[PDB]
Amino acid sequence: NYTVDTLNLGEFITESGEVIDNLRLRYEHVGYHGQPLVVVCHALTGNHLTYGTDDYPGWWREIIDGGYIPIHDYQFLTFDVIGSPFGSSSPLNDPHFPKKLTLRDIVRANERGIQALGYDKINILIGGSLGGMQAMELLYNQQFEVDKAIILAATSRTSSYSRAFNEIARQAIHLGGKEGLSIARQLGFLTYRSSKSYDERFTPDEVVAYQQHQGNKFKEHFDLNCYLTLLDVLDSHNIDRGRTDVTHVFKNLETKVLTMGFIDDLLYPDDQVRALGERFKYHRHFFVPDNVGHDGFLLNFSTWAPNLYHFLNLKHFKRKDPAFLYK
């Protein structure tokens, strides 16, 4: 079954003390009543349409069709974050949408949306990289018992690199409106090393021309106010803020965590995503040796999905860890 609809969940108060009278969460559900739940947390530029249609396939469709997380064994739920322009409460929908939205807000709304629909356990929690940020917060609130977690291209807090990125983008938008959106979009190419893409796409002038083309599309289809909102969301990410016990919590969580980090990435360095994994009781890391950009980690699934599948297929009872002093 395939369902796309909108919850109405009443009053929501952000961290900043601002109010939405009727919190709306657009979502996509897919699968059968009783199956293991997988919750996907989408990334800044994505949305709830995880599986999508046959004619309009979804962000994750290829990964699901390829059988890495197969439809036949799983049930899928995904919310469009608040502030996104694709159906949930946002500046595009709500003329009194809060000025200061944080990531912790986005999460706390989605957990209420997960509970609105009667779920209790989450077998697989998955996201990168804003998705991964959602994921880690969610694990901290501990409103759910969650068996398996995959966190891709995200860390414990927004870096100075990312604030610089986000500020540079913010400025361009002030100066140029829609035109600033192109730059913001183009800006992403500067955050990572492209490998034999340099080979295949010779074509400078033709990369630049492609950049321009992607930027121009983006500036016509993604609402501007919402984008600025989501830039604050990123700037607000830090699991440790106002908190003392984050690691402690994570160290007594039974959840099996996989962290994935990508090669030569300045926005989300492998170094630091691995170190976030290692904060948990049960943790593991995969280093993925190709990178078409944080924004397109779905596009290069060939290089990482099989390790996901490997991870998903633990069905060895948890070992209590002093057995690992070896080494």
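Don't overthink the numbering: it's just position in the shown sequence, from 1.
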{"query": "Mean Cα B-factor comparison, 104 to 112 or 189 to 197, giving the higher one as deposited", "finding": "189 to 197"}
{"query": "Stretch with the greater mean C-alpha B-factor as recorded in the entry, comparing 226 to 234 against 208 to 216", "finding": "208 to 216"}
{"query": "Residue, from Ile150, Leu77, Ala154, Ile173, that the PDB entry assigns the highest Cα B-factor", "finding": "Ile173"}
{"query": "Deposited CA B-factor, highest of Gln134, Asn166, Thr203, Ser89", "finding": "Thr203"}
{"query": "Position of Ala184 among the chain's modelled residues by C-alpha B-factor, lowest, middle or highest third", "finding": "lowest"}
{"query": "Position of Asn313 among the chain's modelled residues by C-alpha B-factor, lowest, middle or highest third", "finding": "highest"}
{"query": "Lowest, middle or highest third - CA B-factor, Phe250", "finding": "highest"}
{"query": "Record-listed C-alpha B factor of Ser129: chain third", "finding": "middle"}
{"query": "Within-chain third of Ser84 by Cα B-factor, per the entry", "finding": "lowest"}
